[PDB]
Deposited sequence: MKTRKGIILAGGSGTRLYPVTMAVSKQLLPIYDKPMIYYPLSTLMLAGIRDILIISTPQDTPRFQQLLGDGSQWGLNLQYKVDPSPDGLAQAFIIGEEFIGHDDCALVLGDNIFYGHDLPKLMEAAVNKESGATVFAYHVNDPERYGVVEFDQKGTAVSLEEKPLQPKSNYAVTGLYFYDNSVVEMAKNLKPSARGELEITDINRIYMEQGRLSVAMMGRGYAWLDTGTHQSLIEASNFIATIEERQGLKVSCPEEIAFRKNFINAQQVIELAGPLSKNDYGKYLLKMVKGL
């Protein structure tokens, strides 16, 4: 079970807060933005993860995350000169991927939903690819998919559907070859169409009960932070807390939780971890 996190980009819409800080290290309430797409991968049972970022920020991620062994993970890093193409992920990560299937998630994508893990299990347990769709109200702004669970149409910023394609994708090994033989528009949407034309593209539907934030602007960033702070405070759970997820899925034990909770013992984050482990 392998996955890739795309954690580069400029976040230019976010100036000036991204002038000296990577977008994916901005706080979403009490956690760095990257904790979220990472937790999404952990929740799907993915433990070997390649993080692709900029030359300048990649060291910052390593300082934050290390090799991920503290959480029972294997984290690797690859710098890209940020040449256009999100589908370039499968090229940069060809070695990492090898012969295995692969999930891909954007570093600024925030997913929430009690049933997301089941949805992701199905996508892992699939040949072909699974994309995740989310009902929006402004399909024009997003890649739109129209589906049967099999995809019918795919229009990058059209609207034949209310469903936007999200930044979470599941591929079988054949994607690496697709990416390598892909003509520049390198677009993930093109790759996804290919699968659809082959009748190998399923669509996981995230409807009522799911939240999906894109952290485009200052506005959505503060809305995301307010959402996480609200859910956590009112419903007594943490969202995308890697230590908690690592513990609940037995990637690590209570003793390791306690050691990790040490440096966090000055705030509610460390305390929550101690409560949890008793």
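Missing from the model, by position in the deposited sequence, are residues 1-3, 130, 153-154, 165-166, 194-197, 291-292.
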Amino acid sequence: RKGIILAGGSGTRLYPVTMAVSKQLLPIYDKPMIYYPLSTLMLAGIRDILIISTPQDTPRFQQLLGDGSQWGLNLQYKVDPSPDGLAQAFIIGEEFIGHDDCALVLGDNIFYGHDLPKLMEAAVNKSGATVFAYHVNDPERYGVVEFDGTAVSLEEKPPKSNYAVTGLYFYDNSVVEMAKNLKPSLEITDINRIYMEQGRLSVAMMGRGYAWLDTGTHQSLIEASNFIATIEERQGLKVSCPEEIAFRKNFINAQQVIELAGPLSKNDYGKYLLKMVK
From here on, numbers count along this sequence of modelled residues.
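As the entry records it, the average C-alpha temperature factor is higher for 213-221, out of 238-246 and 213-221. When the mean C-alpha temperature factors of 264-272 and 18-26 are read from the deposited coordinates, 264-272 comes out higher.
The PDB entry gives the largest Cα B-factor of the residues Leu75, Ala164, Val176, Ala123 to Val176. Remark: of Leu116, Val131, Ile191, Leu106, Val131 shows the highest value [criterion: C-alpha B-factor in the PDB entry]. In the PDB entry, a CA B factor belonging to the highest third of its chain's modelled residues is recorded for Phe90. Ranked by Cα temperature factor within the chain, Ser53 sits in the middle third according to the deposited record.
Split the chain's modelled residues into thirds by C-alpha temperature factor. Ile110 is in the lowest one. When all modelled residues of the chain are sorted by CA temperature factor, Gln70 is found within the middle third.
Per the PDB record, residue ranking by Cα B-factor puts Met205 in the highest third of the chain.
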